[PDB]
């Protein structure tokens, strides 16, 4: 059970690499092979809808907005950690990008199964992720910068 997800930069429209998804006894491991991202920690989540298209809100374009919100099959309406249950099941560990713009550090989501991920989107945000809705909603990820649909 391994899936390859192609990731595209939402602003440039160009490919930025792939993430390999694998099932193990401890959860789903996301192994990135990405480039052209800003150095530092990036919010990283499964979103509800199988699209990376834009949406609009109050007359403003939202890149990657068609993916909807964080994947939340238990209707928690809360953003949190990958190892806490009363928040979005889509909440992954943050994605690290090296000084050279590459992301290669794999991370584990203990609460997810690979089977439930088909048809959802993987999102990488501009900001980081403090795994809280304070002081900024949704961990402070802010804008969506790269996205791919899980097939």
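Numbering follows the first chain given and starts at 1.
> Higher mean Cα B-factor in the deposited model: 33-41 or 90-98?
The stretch with the larger average C-alpha B-factor is 33-41.
> What stretch has the higher average Cα B-factor here, 6-14 or 129-137?
On average, C-alpha B-factors are higher across 6-14.
> Return the residue from 61, 124, 108, 117 that has the highest Cα B-factor in the entry.
In this record, 61 carries the highest C-alpha B-factor of the candidates.
> Report the third (lowest, middle or highest) to which the CA temperature factor of residue 103 belongs, ranking only the modelled residues of the same chain.
CA B-factor rank for residue 103: middle third.
> Classify residue 82 as lowest, middle or highest third according to the C-alpha B-factor given in the PDB entry, relative to its own chain.
Residue 82: CA B-factor falls in the lowest third of its chain.
> Would the CA B-factor of residue 66 place it in the lowest, middle or highest third of its chain?
Its C-alpha B-factor belongs to the highest third of this chain's values.
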